[PDB]
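A short write-up of the structure that comes next.
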Amino acid sequence: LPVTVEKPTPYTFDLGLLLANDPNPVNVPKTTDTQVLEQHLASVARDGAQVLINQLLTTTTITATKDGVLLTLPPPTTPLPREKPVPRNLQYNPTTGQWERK
Amino acid sequence: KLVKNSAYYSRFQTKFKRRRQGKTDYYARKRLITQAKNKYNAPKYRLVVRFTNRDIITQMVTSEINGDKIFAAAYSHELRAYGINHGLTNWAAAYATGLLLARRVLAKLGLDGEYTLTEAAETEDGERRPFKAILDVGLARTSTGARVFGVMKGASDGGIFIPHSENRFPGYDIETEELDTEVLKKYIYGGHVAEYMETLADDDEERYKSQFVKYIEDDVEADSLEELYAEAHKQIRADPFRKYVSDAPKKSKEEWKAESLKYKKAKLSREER
Amino acid sequence: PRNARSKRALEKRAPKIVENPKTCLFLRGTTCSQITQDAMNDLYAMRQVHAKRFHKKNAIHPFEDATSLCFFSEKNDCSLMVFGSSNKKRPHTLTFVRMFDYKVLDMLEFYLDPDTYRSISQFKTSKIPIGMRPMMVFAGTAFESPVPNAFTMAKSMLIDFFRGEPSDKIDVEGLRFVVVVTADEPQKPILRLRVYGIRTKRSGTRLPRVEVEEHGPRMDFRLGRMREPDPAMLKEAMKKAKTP
Amino acid sequence: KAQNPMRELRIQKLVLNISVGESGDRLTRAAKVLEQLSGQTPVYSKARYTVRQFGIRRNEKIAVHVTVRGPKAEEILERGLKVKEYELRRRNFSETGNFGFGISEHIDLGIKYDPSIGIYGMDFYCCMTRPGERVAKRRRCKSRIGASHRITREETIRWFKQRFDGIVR
RNA sequence: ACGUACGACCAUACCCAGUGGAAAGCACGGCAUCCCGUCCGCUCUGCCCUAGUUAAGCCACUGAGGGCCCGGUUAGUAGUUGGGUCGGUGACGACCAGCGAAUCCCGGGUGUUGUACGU
RNA sequence: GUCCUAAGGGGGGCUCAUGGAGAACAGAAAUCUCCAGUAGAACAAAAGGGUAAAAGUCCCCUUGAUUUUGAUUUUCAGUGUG
């Protein structure tokens with residue numbers, strides 16, 4: 001089985017958020033069967049997950065540490081709104097030469 | 001006045017079901033599974049240790065949204081197949097159970113078609129990483145030399161990486177900040193039970209026969225405890241998946257379904273009630 | 001802030017250049033269906049770490065008055081909100097609300113299809129560990145509209161809901177679950193929320209072969225009423241503070 | 001089902017309390033009496049609130065109590081019943097199987113009189129149980145005690161009459 | 001189907017009482033030398049699983065009183081806003097719509113479920 | 001006119017106000033035991049849903065009274081190891 005899919009419009013990726021955007025249309029079949037509906041949805045999900053794994057394993061640098069095999073992702077680029085706007089009891093004793101409390 | 005009125009029952013807030021049953025520390029569990037030093041999205045393993053009156057339960061547990069999942073399990077009654085027949089709830093049986101769990105995890109993972117993403121993105125400058133997990137023993141209070149640390153010590157000796165200190169092993173001294181290896185080795189091969197056997201036989205023979213009636217009946221001696229325990233550890237490390245058959249009555253799963261359905265009490269219907 | 005714990009909580013609630021992960025509040029109205037409550041429990045399952053839940057009924061209509069939302073957002077330090085309610089006109093509604101400076105930024109209603117809703121308990125597969133963030137896949141022609149519309153609004157809201165905690169590095173073992181949202185441009189289009197578990201197989205090359213299996217809830221949504229933010233406060237919301 | 005030997009009544013604990021009401025030497029001498037009677041170190045009890053009319057203050061030690069158990073409990077409770085001549089009252093018994101009495105002289109208990117210590121009163125109370133009290137006291141899986149296992153006032157009176165051959169009036 | 005150990009919902013699961021529990025498992029229990037902690041081996045800890053028992057815990061069922069959880073009813077109704085239609089000095093008179101209650105009433109119920117090991 | 005190893009932190013144990021029944025002095029109010037006890041006490045805040053095997057109250061340890069580094073923010077520096 002091939003590990004690369006072909007579509008008329010290429011995918012767009014945001015590896016900081018692990019986000020893959022598919023601008024190609026999802027031709028949902030006009031049938032009343034849930035089995036063929038979920039099979040088509042899984043096939044689109046299969047293509048989306050395949051291009052996400054291929055992009056992460058080829059465009060991100062790989063470092064093998066003791067924690068595990070880690071991929072250093074780019075910073076996120078999708079614009080998201082923020083949640084908040086941008087911004088004594090101590091004296092000295094002369095006759096003993098020490099410190100003691102009151 | 002009656003405090004348990006309609007107002008008290010209306011605003012009554014029940015706790016969690018396992019918290020009412022006194023089995024789960026939900027404060028410690030939340031810190032266990034929702035907190036991590038790193039944010040690499042890696043799965044986390046917890047070694048669950050539980051102690052009953054006649055058995056020791058060691059499990060390899062992953063926490064999911066719908067419920068926990070068990071990776072591997074070792075038991076003190078499976079030690080009967082490994083030659084350990086008495087003292088199934090002491091420190092030595094706990095350490096052997098933790099060693100058995102460690103060998104079963106490594107044998108299941110292959111560290112003793114579908115393939116992982118780690119093998120797909122493996123670099124040539126990469127080595128085998130030890131299996132890492134944290135300890136969870138629940139609500140049991142633990143002093144120095146507790147048996148749950150024997151499960152920790154057995155799992156760490158088997159090859160499971162558990163981050164830990166040595167301040168609670170048997171033989172540790174708080175004043176000198178040192179651990180006595182001879183006392184620990186004495187606990188490893190069951191010398192504390194052997195010393196109790198010799199002390200009781202010298203002092204109170206009637207109490208010695210009552211406490212250790214199974215040892216005398218099966219001819220298990222105090223001096224042979226070290227040889228018996230060490231042979232059990234070798235057999236655990238050799239065959240981690242030896243099958244055990246108990247002396248309980250054995251039936252199929254469908255036969256236990258039919259037997260309990262005969263002894264079950266059916267709920268009364270609406271017409272009957 | 002004489003108390004040290006109260007001072008630490010005030011500093012945590014204080015605005016920062018690098019913001020904390022967002023907290024979502026799950027609150028239930030006076031009348032709510034059990035399907036909406038099960039959908040609320042399913043959405044809480046993917047976000048157990050960064051969410052708080054209310055257990056009583058609230059006499060709140062979000063599109064009429066949202067003063068109680070601003071009071072709950074200020075008290076609980078929650079910027080995201082999921083609101084569940086039921087009605088004769090709207091049988092199952094999930095009102096997603098996003099807040100900014102303890103004020104209502106934008107809200108959107110999600111009409112859930114009752115006959116096609118399957119829960120996580122109805123799918124007998126291996127589930128996601130608690131605390132692990134899933135990857136996101138958005139497909140369809142409704143997300144690339146030149147004008148800001150409800151589908152782009154729902155895309156940004158679903159991204160913020162499943163964002164989790166940011167990290168510069170990630171393990172390869174934490175790439176086993178994916179959240180798929182499908183919505184196509186056009187009578188009303190159906191927004192379908194799908195979550196899958198990912199299995200990898202040998203394909204004879206360096207790149208693995210990806211296989212999927214249904215894990216999460218099978219949710220079908222139709223977009224309804226939408227409240228767009230004021231552009232002056234919207235501009236302040238998208239102001240990107242430079243990290244020191 | 002009452003024939004079961006684990007429904008047999010037995011002493012849970014026996015608490016001996018001396019309330020001098022004032023800290024100082026009198027509390028220390030009362031602590032020495034309780035230590036001599038039992039053989040274990042005593043407990044210093046502080047007052048919860050401050051009332052000016054009684055000479056007490058908050059966080060001020062006013063009472064000393066010692067809980068005596070084991071076979072030492074039956075021999076001390078026997079000493080208390082020897083002072084009281086094995087005679088008690090129905091109003092002394094509680095509703096949950098526990099009972100006790102108050103005496104005024106530990107000299108009558110069997111302790112030789114010392115002028116450096118003196119004579120102090122005592123409050124005796126014996127708590128009763130059946131086997132099964134570990135369920136309500138254990139840390140893990142703590143629960144409540146069922147109604148049929150709870151001791152009634154009639155059962156502990158019948159136990160007191162049968163064991164110590166006493167009289168309840 | 002039952003029990004145990006981790007759990008998900010977190011009262012349909014809670015408060016009180018009664019009845020029963022085959023098998024195994026939990027559980028009560030027996031002893032304080034060692035590890036350990038207390039005023040007290042109550043708790044915790046250490047040893048025993050041998051001896052006694054389902055009395056309690058636990059589970060199942062039942063019973064009253066509440067409480068709690070659903071669906072219809074209320075009702076697209078009160079209430080709150082817009083829109084004009086002519087009249088009403090005007091307010092508004094009704095009308096069209098957008099949202100959208102609650103009390104009361106009726107009917108049903110008093111826990112499901114994931115993994116692992118056993119019976 | 002006396003007494004105070006300061007606060008804080010972590011861990012462990014316990015449940016409070018009040019009411020009823022009782023007990024030599026002890027009698028509305030001194031001390032102890034049992035039961036009922038959603039908090040009706042206390043600690044903080046100013047809930048329109050704060051806290052109950054705790055955020056309350058008692059024990060163990062720390063009391064070290066403001067630790068170190070940073071090519072990174074902001075400000076300052078004719079005394080720029082900043």
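Labels for the structure tokens follow display order: chains A, B, ..., residues from 1 in each chain, ligands from 1.
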Select from chain C every residue with an atom at most 9 Å from any atom of chain F, then for each give the shortest pair of atoms and their distance in Å to one decimal, using only C-alpha atoms (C1' of nucleotides), rows by chain and rising number, as a Markdown table.
```
| residue | atom | partner | partner_atom | distance |
| --- | --- | --- | --- | --- |
| C:4 | CA | F:8 | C1' | 8.2 |
| C:54 | CA | F:49 | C1' | 8.8 |
| C:56 | CA | F:49 | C1' | 8.1 |
| C:243 | CA | F:73 | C1' | 8.1 |
| C:244 | CA | F:73 | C1' | 4.7 |
```
Export, as a short mmCIF file (atom, residue, chain, number, x, y, z; two decimals), in the first residue's frame, the selected residues with N, CA, C and O atoms.
```cif
data_model
loop_
_atom_site.label_atom_id
_atom_site.label_comp_id
_atom_site.auth_asym_id
_atom_site.auth_seq_id
_atom_site.Cartn_x
_atom_site.Cartn_y
_atom_site.Cartn_z
N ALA C 4 -0.08 34.29 51.36
CA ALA C 4 0.86 33.89 50.32
C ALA C 4 0.18 33.04 49.25
O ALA C 4 0.51 33.16 48.06
N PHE C 54 -19.81 22.53 36.34
CA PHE C 54 -20.89 22.95 37.24
C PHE C 54 -21.97 21.88 37.26
O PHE C 54 -22.33 21.33 36.21
N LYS C 56 -25.15 22.20 38.89
CA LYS C 56 -26.50 22.69 39.11
C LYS C 56 -27.03 23.38 37.86
O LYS C 56 -26.30 23.64 36.90
N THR C 243 7.56 37.17 22.99
CA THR C 243 8.12 36.43 24.12
C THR C 243 9.53 36.95 24.41
O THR C 243 10.35 37.04 23.49
N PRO C 244 9.84 37.31 25.67
CA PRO C 244 11.17 37.76 26.09
C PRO C 244 12.25 36.73 25.80
O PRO C 244 13.08 36.97 24.92
#
```
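In this structure, the chain C residues at most 6 Å away from chain A are residues 15, 79, 100, 101, 135, 136, 137, 138, 139, 140, 141, 168, 169, 170, 171, 209, 210, 237 and 238 of chain C, with only C-alpha atoms considered.
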For those residues, write N, CA, C and O atoms to a file as a tab-separated table (two decimals), in the first residue's frame.
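So selection_17.tsv came out as:
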```
chain	number	residue	atom	x	y	z
C	15	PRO	N	-2.54	38.81	34.01
C	15	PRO	CA	-2.12	38.64	32.61
C	15	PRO	C	-0.62	38.48	32.48
C	15	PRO	O	0.16	39.07	33.24
C	79	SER	N	-11.68	30.91	30.33
C	79	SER	CA	-11.83	31.67	29.10
C	79	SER	C	-12.69	30.98	28.05
C	79	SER	O	-13.32	31.67	27.25
C	100	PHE	N	-12.65	37.01	26.57
C	100	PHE	CA	-11.44	37.82	26.53
C	100	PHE	C	-11.58	38.94	27.54
C	100	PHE	O	-12.56	39.69	27.50
C	101	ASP	N	-10.59	39.06	28.44
C	101	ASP	CA	-10.57	40.04	29.53
C	101	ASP	C	-11.83	39.95	30.39
C	101	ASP	O	-12.41	40.96	30.79
C	135	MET	N	-3.87	15.17	17.81
C	135	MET	CA	-3.65	15.97	16.62
C	135	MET	C	-4.99	16.30	15.96
C	135	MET	O	-6.02	15.67	16.22
C	136	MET	N	-4.98	17.31	15.10
C	136	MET	CA	-6.19	17.83	14.49
C	136	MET	C	-6.09	17.80	12.97
C	136	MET	O	-5.05	18.15	12.41
C	137	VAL	N	-7.16	17.37	12.32
C	137	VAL	CA	-7.28	17.38	10.87
C	137	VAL	C	-8.61	18.04	10.52
C	137	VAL	O	-9.67	17.56	10.94
C	138	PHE	N	-8.56	19.13	9.76
C	138	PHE	CA	-9.75	19.83	9.30
C	138	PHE	C	-9.85	19.68	7.79
C	138	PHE	O	-8.91	20.04	7.07
C	139	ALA	N	-10.97	19.15	7.32
C	139	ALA	CA	-11.17	18.87	5.91
C	139	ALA	C	-12.49	19.46	5.45
C	139	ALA	O	-13.44	19.62	6.23
C	140	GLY	N	-12.55	19.80	4.17
C	140	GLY	CA	-13.73	20.39	3.56
C	140	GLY	C	-13.44	21.77	2.99
C	140	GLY	O	-12.39	22.36	3.19
C	141	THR	N	-14.43	22.26	2.24
C	141	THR	CA	-14.33	23.54	1.56
C	141	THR	C	-15.01	24.68	2.32
C	141	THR	O	-15.06	25.80	1.80
C	168	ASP	N	7.53	22.66	22.66
C	168	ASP	CA	8.47	22.73	21.55
C	168	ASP	C	8.90	21.36	21.05
C	168	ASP	O	9.39	21.26	19.92
C	169	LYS	N	8.72	20.31	21.85
C	169	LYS	CA	9.09	18.96	21.47
C	169	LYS	C	7.95	18.01	21.83
C	169	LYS	O	7.14	18.29	22.72
C	170	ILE	N	7.90	16.88	21.13
C	170	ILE	CA	6.87	15.87	21.35
C	170	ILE	C	7.45	14.50	21.05
C	170	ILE	O	8.34	14.35	20.20
C	171	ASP	N	6.99	13.50	21.78
C	171	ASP	CA	7.41	12.12	21.56
C	171	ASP	C	6.64	11.52	20.39
C	171	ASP	O	5.51	11.92	20.09
C	209	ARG	N	2.91	2.99	7.37
C	209	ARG	CA	1.56	2.96	6.82
C	209	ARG	C	0.57	3.22	7.94
C	209	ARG	O	0.54	2.49	8.94
C	210	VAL	N	-0.24	4.26	7.79
C	210	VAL	CA	-1.17	4.70	8.82
C	210	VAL	C	-2.49	3.98	8.66
C	210	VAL	O	-3.01	3.84	7.54
C	237	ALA	N	-7.47	41.21	20.90
C	237	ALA	CA	-7.40	39.78	21.14
C	237	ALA	C	-6.30	39.12	20.31
C	237	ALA	O	-5.61	38.22	20.79
C	238	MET	N	-6.13	39.56	19.06
C	238	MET	CA	-5.11	39.00	18.19
C	238	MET	C	-3.77	39.70	18.30
C	238	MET	O	-2.87	39.41	17.49
```
Select from chain A everything DSSP, run on the backbone, classes as strand (DSSP E), then give the selection as an MDAnalysis selection string.
-> chainID A and resid 12:14 19:22 61:64 69:72 91:93 98:100
How about saving the chosen residues, C-alpha atoms kept, as a PDB file, in the first residue's frame?
```pdb
ATOM      1  CA  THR A  12      -1.531  22.970   4.491  1.00  0.00           C
ATOM      2  CA  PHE A  13       0.174  22.150   7.779  1.00  0.00           C
ATOM      3  CA  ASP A  14       0.684  23.810  11.167  1.00  0.00           C
ATOM      4  CA  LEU A  19      -2.924  20.732  12.538  1.00  0.00           C
ATOM      5  CA  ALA A  20      -3.479  19.619   8.939  1.00  0.00           C
ATOM      6  CA  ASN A  21      -5.942  21.615   6.832  1.00  0.00           C
ATOM      7  CA  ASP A  22      -7.453  19.919   3.774  1.00  0.00           C
ATOM      8  CA  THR A  61      14.397  17.345  13.047  1.00  0.00           C
ATOM      9  CA  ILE A  62      14.758  14.109  15.019  1.00  0.00           C
ATOM     10  CA  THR A  63      16.717  13.785  18.270  1.00  0.00           C
ATOM     11  CA  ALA A  64      17.149  10.494  20.143  1.00  0.00           C
ATOM     12  CA  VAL A  69      12.588   9.824  20.082  1.00  0.00           C
ATOM     13  CA  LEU A  70      11.606  13.502  20.104  1.00  0.00           C
ATOM     14  CA  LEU A  71      10.660  15.745  17.179  1.00  0.00           C
ATOM     15  CA  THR A  72      11.364  19.470  17.528  1.00  0.00           C
ATOM     16  CA  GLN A  91      18.669  43.122  69.232  1.00  0.00           C
ATOM     17  CA  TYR A  92      22.344  42.887  70.168  1.00  0.00           C
ATOM     18  CA  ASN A  93      23.662  42.103  73.642  1.00  0.00           C
ATOM     19  CA  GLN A  98      25.349  37.970  70.464  1.00  0.00           C
ATOM     20  CA  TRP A  99      21.928  38.516  68.906  1.00  0.00           C
ATOM     21  CA  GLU A 100      18.785  37.754  70.891  1.00  0.00           C
TER      22      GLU A 100
END
```
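Ranking F:23, F:45, F:4, F:55 by their shortest atom-to-atom distance to residue 124 in chain D, with only C-alpha atoms (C1' of nucleotides) included, puts F:23 first.
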Which chain F residues have any atom within 8 Å of an atom of chain D, and for each, what is the nearest pair of atoms with distance in Å to one decimal, counting only C-alpha atoms (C1' of nucleotides), rows sorted by chain and number, as a tab-separated table?
```
residue	atom	partner	partner_atom	distance
F:22	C1'	D:91	CA	6.1
F:23	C1'	D:92	CA	6.9
F:24	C1'	D:104	CA	6.9
F:30	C1'	D:54	CA	5.4
F:31	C1'	D:19	CA	5.8
F:32	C1'	D:123	CA	6.9
F:33	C1'	D:125	CA	7.2
F:34	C1'	D:94	CA	5.6
F:35	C1'	D:95	CA	7.7
```
Mind the document's chain letters and residue numbers, and return as JSON, numbers by chain the residues of chain A that DSSP labels helix (DSSP H, G or I).
-> {"A": [34, 35, 36, 37, 38, 39, 40, 41, 42, 43, 44, 45, 46, 47, 48, 49, 50, 51, 52, 53, 54, 55, 56, 57, 58, 59]}
Restricting the output to N, CA and C atoms, write the selected residues as a PDB file, in the first residue's frame.
```pdb
ATOM      1  N   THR A  34     -25.135   4.147   6.931  1.00  0.00           N
ATOM      2  CA  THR A  34     -24.120   4.676   7.835  1.00  0.00           C
ATOM      3  C   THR A  34     -22.773   3.999   7.615  1.00  0.00           C
ATOM      4  N   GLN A  35     -22.780   2.757   7.122  1.00  0.00           N
ATOM      5  CA  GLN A  35     -21.536   2.020   6.913  1.00  0.00           C
ATOM      6  C   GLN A  35     -20.693   2.652   5.810  1.00  0.00           C
ATOM      7  N   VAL A  36     -21.324   3.011   4.689  1.00  0.00           N
ATOM      8  CA  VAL A  36     -20.577   3.629   3.598  1.00  0.00           C
ATOM      9  C   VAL A  36     -20.266   5.089   3.920  1.00  0.00           C
ATOM     10  N   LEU A  37     -21.039   5.705   4.820  1.00  0.00           N
ATOM     11  CA  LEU A  37     -20.760   7.081   5.218  1.00  0.00           C
ATOM     12  C   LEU A  37     -19.525   7.151   6.108  1.00  0.00           C
ATOM     13  N   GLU A  38     -19.419   6.235   7.075  1.00  0.00           N
ATOM     14  CA  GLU A  38     -18.263   6.230   7.964  1.00  0.00           C
ATOM     15  C   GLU A  38     -17.012   5.717   7.263  1.00  0.00           C
ATOM     16  N   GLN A  39     -17.172   4.859   6.251  1.00  0.00           N
ATOM     17  CA  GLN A  39     -16.021   4.396   5.482  1.00  0.00           C
ATOM     18  C   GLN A  39     -15.401   5.530   4.676  1.00  0.00           C
ATOM     19  N   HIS A  40     -16.234   6.406   4.109  1.00  0.00           N
ATOM     20  CA  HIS A  40     -15.715   7.566   3.393  1.00  0.00           C
ATOM     21  C   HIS A  40     -15.078   8.566   4.349  1.00  0.00           C
ATOM     22  N   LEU A  41     -15.672   8.746   5.534  1.00  0.00           N
ATOM     23  CA  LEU A  41     -15.094   9.647   6.528  1.00  0.00           C
ATOM     24  C   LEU A  41     -13.774   9.108   7.062  1.00  0.00           C
ATOM     25  N   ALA A  42     -13.676   7.787   7.233  1.00  0.00           N
ATOM     26  CA  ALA A  42     -12.418   7.190   7.668  1.00  0.00           C
ATOM     27  C   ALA A  42     -11.350   7.277   6.588  1.00  0.00           C
ATOM     28  N   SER A  43     -11.747   7.196   5.314  1.00  0.00           N
ATOM     29  CA  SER A  43     -10.788   7.315   4.219  1.00  0.00           C
ATOM     30  C   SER A  43     -10.198   8.718   4.147  1.00  0.00           C
ATOM     31  N   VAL A  44     -11.026   9.744   4.357  1.00  0.00           N
ATOM     32  CA  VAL A  44     -10.520  11.113   4.429  1.00  0.00           C
ATOM     33  C   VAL A  44      -9.655  11.288   5.673  1.00  0.00           C
ATOM     34  N   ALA A  45     -10.070  10.680   6.789  1.00  0.00           N
ATOM     35  CA  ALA A  45      -9.259  10.713   8.002  1.00  0.00           C
ATOM     36  C   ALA A  45      -7.966   9.926   7.825  1.00  0.00           C
ATOM     37  N   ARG A  46      -8.003   8.862   7.015  1.00  0.00           N
ATOM     38  CA  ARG A  46      -6.783   8.126   6.698  1.00  0.00           C
ATOM     39  C   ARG A  46      -5.813   8.989   5.900  1.00  0.00           C
ATOM     40  N   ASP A  47      -6.327   9.745   4.925  1.00  0.00           N
ATOM     41  CA  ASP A  47      -5.467  10.612   4.125  1.00  0.00           C
ATOM     42  C   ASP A  47      -4.927  11.772   4.952  1.00  0.00           C
ATOM     43  N   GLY A  48      -5.754  12.325   5.842  1.00  0.00           N
ATOM     44  CA  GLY A  48      -5.294  13.409   6.697  1.00  0.00           C
ATOM     45  C   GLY A  48      -4.250  12.965   7.704  1.00  0.00           C
ATOM     46  N   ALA A  49      -4.413  11.761   8.256  1.00  0.00           N
ATOM     47  CA  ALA A  49      -3.436  11.252   9.214  1.00  0.00           C
ATOM     48  C   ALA A  49      -2.148  10.826   8.521  1.00  0.00           C
ATOM     49  N   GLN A  50      -2.245  10.372   7.268  1.00  0.00           N
ATOM     50  CA  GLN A  50      -1.058   9.933   6.541  1.00  0.00           C
ATOM     51  C   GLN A  50      -0.155  11.111   6.197  1.00  0.00           C
ATOM     52  N   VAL A  51      -0.745  12.225   5.754  1.00  0.00           N
ATOM     53  CA  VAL A  51       0.065  13.386   5.401  1.00  0.00           C
ATOM     54  C   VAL A  51       0.564  14.099   6.652  1.00  0.00           C
ATOM     55  N   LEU A  52      -0.097  13.893   7.794  1.00  0.00           N
ATOM     56  CA  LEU A  52       0.388  14.470   9.044  1.00  0.00           C
ATOM     57  C   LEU A  52       1.614  13.722   9.550  1.00  0.00           C
ATOM     58  N   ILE A  53       1.590  12.389   9.460  1.00  0.00           N
ATOM     59  CA  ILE A  53       2.732  11.585   9.889  1.00  0.00           C
ATOM     60  C   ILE A  53       3.925  11.815   8.967  1.00  0.00           C
ATOM     61  N   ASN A  54       3.677  11.896   7.656  1.00  0.00           N
ATOM     62  CA  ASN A  54       4.760  12.098   6.698  1.00  0.00           C
ATOM     63  C   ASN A  54       5.395  13.476   6.849  1.00  0.00           C
ATOM     64  N   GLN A  55       4.588  14.498   7.147  1.00  0.00           N
ATOM     65  CA  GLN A  55       5.133  15.840   7.331  1.00  0.00           C
ATOM     66  C   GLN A  55       5.931  15.942   8.627  1.00  0.00           C
ATOM     67  N   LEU A  56       5.463  15.285   9.691  1.00  0.00           N
ATOM     68  CA  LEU A  56       6.158  15.361  10.972  1.00  0.00           C
ATOM     69  C   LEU A  56       7.468  14.580  10.946  1.00  0.00           C
ATOM     70  N   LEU A  57       7.517  13.482  10.193  1.00  0.00           N
ATOM     71  CA  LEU A  57       8.701  12.634  10.175  1.00  0.00           C
ATOM     72  C   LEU A  57       9.741  13.065   9.149  1.00  0.00           C
ATOM     73  N   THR A  58       9.425  14.028   8.279  1.00  0.00           N
ATOM     74  CA  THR A  58      10.360  14.464   7.250  1.00  0.00           C
ATOM     75  C   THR A  58      10.744  15.934   7.342  1.00  0.00           C
ATOM     76  N   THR A  59       9.874  16.791   7.875  1.00  0.00           N
ATOM     77  CA  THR A  59      10.150  18.218   7.955  1.00  0.00           C
ATOM     78  C   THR A  59      10.519  18.687   9.355  1.00  0.00           C
TER      79      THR A  59
END
```
Sorted by chain and rising residue number, which residues of chain D lie within 12 Å of chain B, and what are their closest atom pairs and distances in Å to one decimal, counting only C-alpha atoms, as CSV?
```
residue,atom,partner,partner_atom,distance
D:135,CA,B:22,CA,11.1
D:136,CA,B:22,CA,11.3
D:137,CA,B:22,CA,11.8
D:138,CA,B:22,CA,9.7
D:139,CA,B:139,CA,7.5
D:140,CA,B:22,CA,5.3
D:141,CA,B:22,CA,4.1
D:142,CA,B:22,CA,6.0
D:143,CA,B:21,CA,7.7
D:144,CA,B:21,CA,11.0
```
Please dump the current selection as a PDB file, in the first residue's frame; keep C-alpha atoms.
```pdb
ATOM      1  CA  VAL D 135     -14.030  -2.125  59.959  1.00  0.00           C
ATOM      2  CA  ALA D 136     -14.964   1.257  61.454  1.00  0.00           C
ATOM      3  CA  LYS D 137     -11.371   2.063  62.497  1.00  0.00           C
ATOM      4  CA  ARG D 138      -9.142   0.958  59.598  1.00  0.00           C
ATOM      5  CA  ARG D 139      -7.713   3.542  57.210  1.00  0.00           C
ATOM      6  CA  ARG D 140      -8.576   1.722  53.966  1.00  0.00           C
ATOM      7  CA  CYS D 141     -12.241   0.783  53.346  1.00  0.00           C
ATOM      8  CA  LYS D 142     -13.595   2.373  56.516  1.00  0.00           C
ATOM      9  CA  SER D 143     -17.330   1.784  56.955  1.00  0.00           C
ATOM     10  CA  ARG D 144     -20.027   1.863  59.634  1.00  0.00           C
TER      11      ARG D 144
END
```
Which residues of chain B come within 8 Å of chain A, and what is each one's closest atom pair and distance in Å (one decimal), counting only C-alpha atoms, sorted by chain and residue number, as a tab-separated table?
```
residue	atom	partner	partner_atom	distance
B:40	CA	A:70	CA	7.6
B:118	CA	A:69	CA	6.2
B:121	CA	A:57	CA	6.9
B:122	CA	A:69	CA	7.0
B:123	CA	A:64	CA	6.5
B:125	CA	A:64	CA	7.3
B:126	CA	A:64	CA	5.8
B:129	CA	A:66	CA	6.2
```
Provide as a VMD selection string the residues of chain E at most 6 Å from chain D, counting only C-alpha atoms (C1' of nucleotides).
-> chain E and resid 28 39 to 40 55 to 56
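The residue that comes closest to chain B, out of E:16, E:35, E:106, E:70 and on the basis of only C-alpha atoms (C1' of nucleotides), is E:35.
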Residues of chain B near chain E: apply a cut-off of 8 Å, count only C-alpha atoms (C1' of nucleotides), and supply the list as an NGL selection string.
-> :B and (4-6 or 9-10 or 12-17 or 48 or 50 or 53-54 or 57 or 61 or 65-70 or 73 or 141-146 or 170 or 192 or 196 or 199-200 or 210-214 or 248 or 256-261 or 263-265 or 267)
For the interface of chain A with chain F (cut-off 12 Å, counting only C-alpha atoms (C1' of nucleotides)), please tabulate each contacting residue of chain A alongside its nearest pair of atoms and their separation in Å to one decimal, rows sorted by chain and increasing number, as a Markdown table.
```
| residue | atom | partner | partner_atom | distance |
| --- | --- | --- | --- | --- |
| A:87 | CA | F:74 | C1' | 11.8 |
| A:88 | CA | F:6 | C1' | 9.2 |
| A:89 | CA | F:6 | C1' | 7.7 |
| A:90 | CA | F:65 | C1' | 10.2 |
| A:100 | CA | F:5 | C1' | 11.1 |
| A:101 | CA | F:6 | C1' | 9.9 |
| A:102 | CA | F:4 | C1' | 9.4 |
```
Produce a file of the selected residues containing N, CA, C and O atoms, as a compact mmCIF listing (two decimals), in the first residue's frame.
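The file below, selection-v5.txt, is the result:
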```
# COMPACT_ATOMS: atom_id res chain seq x y z
N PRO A 87 0.05 42.64 28.97
CA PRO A 87 0.52 43.54 30.03
C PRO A 87 1.42 44.66 29.51
O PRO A 87 2.10 44.45 28.50
N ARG A 88 12.00 44.54 63.94
CA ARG A 88 12.39 43.14 63.97
C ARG A 88 12.55 42.64 65.40
O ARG A 88 12.75 43.42 66.33
N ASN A 89 12.44 41.32 65.58
CA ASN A 89 12.58 40.69 66.89
C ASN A 89 14.01 40.20 67.08
O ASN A 89 14.29 39.01 67.21
N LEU A 90 14.93 41.16 67.09
CA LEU A 90 16.35 40.86 67.25
C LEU A 90 17.08 42.12 67.67
O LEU A 90 17.05 43.13 66.95
N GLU A 100 19.87 38.42 70.19
CA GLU A 100 18.78 37.75 70.89
C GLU A 100 17.48 38.50 70.64
O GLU A 100 17.48 39.67 70.25
N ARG A 101 16.38 37.80 70.86
CA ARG A 101 15.04 38.32 70.61
C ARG A 101 14.56 39.17 71.79
O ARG A 101 15.17 39.19 72.86
N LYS A 102 13.46 39.87 71.57
CA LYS A 102 12.84 40.68 72.61
C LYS A 102 12.06 39.79 73.58
O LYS A 102 11.76 40.20 74.70
```
Just want the 7 Å neighbourhood of residue 202 in chain C, counted on only C-alpha atoms (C1' of nucleotides), with same-chain residues fewer than 6 positions away dropped. Output as a compact mmCIF listing (two decimals) with C-alpha atoms, in the first residue's frame.
```txt
# COMPACT_ATOMS: atom_id res chain seq x y z
CA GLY B 113 3.06 -6.23 10.28
CA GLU B 114 2.57 -3.46 12.82
CA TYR B 115 5.54 -1.49 14.13
CA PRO C 208 5.01 3.94 8.05
CA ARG C 209 1.56 2.96 6.82
```
